[PDB]
Amino acid sequence: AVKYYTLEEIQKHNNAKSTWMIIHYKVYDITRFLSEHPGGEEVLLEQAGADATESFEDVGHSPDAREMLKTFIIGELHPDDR
Ligand code: HEM
């Protein structure tokens, strides 16, 4: 079963030492990619600990980027927060 994380817990992972993000209700820990993102680290920090779905789609990420995203998954957003 997937683990659920609350928005309350996810918001605590909002800096360079630990960055989590929600994208389409899936929760990712991208801390280790913060310095390797082709779009740079600052745009990730700007939305660290939050739902970045809209920004991820608006930028227009490639299929390869979406396959890479799967490698950072840790769970899904708790339903009380959906
Ligand atoms: C945490 C999951 C994310 C992953 C795995 C990811 C991955 C990537 C990859 C692989 C690229 C290279 C081009 C491509 O393949 O599309 C890229 C480019 C980029 N990303 Fe992300 N990204 C993520 C989140 C974001 C977020 C949240 C933002 C917005 C704040 C963002 C903004 C950008 C920008 C501006 C570029 C470069 C411009 C572009 O080529 O149009 N990315 N990202």
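For the structure, see preceding data.
Residues numbered from 1 in each chain as written, not as in the entry; some residues may be left out. Heavy atoms only, no water.

### Focus: the packing of aromatic side chains
All told, the structure shown has two aromatic pairs when counted by the stated rule. On the basis of an interplanar angle of 70 degrees and a centroid distance of 5.1 Å, the ring pair of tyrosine 5 and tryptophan 20 is categorised as edge-to-face. Residue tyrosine 5 is located in strand β1 (residues 4–5), and its partner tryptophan 20 is located in strand β3 (residues 18–23); the two are separated by 15 residues in the primary sequence. Relative accessible area serves as the criterion here: at 10%, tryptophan 20 is assigned to the buried category. (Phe/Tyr/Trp six-rings, centres within 6.5 Å; stacked < 30°, edge-to-face > 60°. Helix = DSSP H or I, 4+ residues; strand = E, 2+ residues; numbered from the N terminus. Buried < 20%, exposed > 50% of the residue type's maximum accessible area, 1.4 Å probe, protein only.)

### Regarding the environment of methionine 68
Its place among the elements puts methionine 68 in helix α4 (residues 63–70). The class of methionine 68 is partly exposed, set by a relative accessible area of 39%. Sequence-wise, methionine 68 and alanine 50 are 18 residues apart; in three dimensions their C-alpha atoms are separated by 19 Å.

### Some remarks on the site of the ligand
The environment of the ligand is made up of 18 residues, and the closest members are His37, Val43, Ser55, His61 and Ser62. Within the side chain of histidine 37, one N or O atom sits 2.7 Å away from a nitrogen atom of the ligand. Separating a nitrogen atom of the ligand from a side-chain N or O atom of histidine 61 is a distance of 2.9 Å. Mapped by element, the contributors of at least two residues to the shell around the ligand are α2 (42–46), α3 (53–59) and α4. Residue contributions to the shell around the ligand peak at three residues, all from α3. Looking at the shell around the ligand residue by residue, the classes come out as twelve nonpolar, six polar and no charged. (Near = heavy atom within 4 Å. Polar contact = N/O pair within 3.5 Å; in protein donor to acceptor, adjacent residues only side chain to side chain. Nonpolar A, V, L, I, M, F, W, Y, C, P; charged D, E, K, R; others polar.)

The analysis is restricted to geometry; functional conclusions fall outside its scope.
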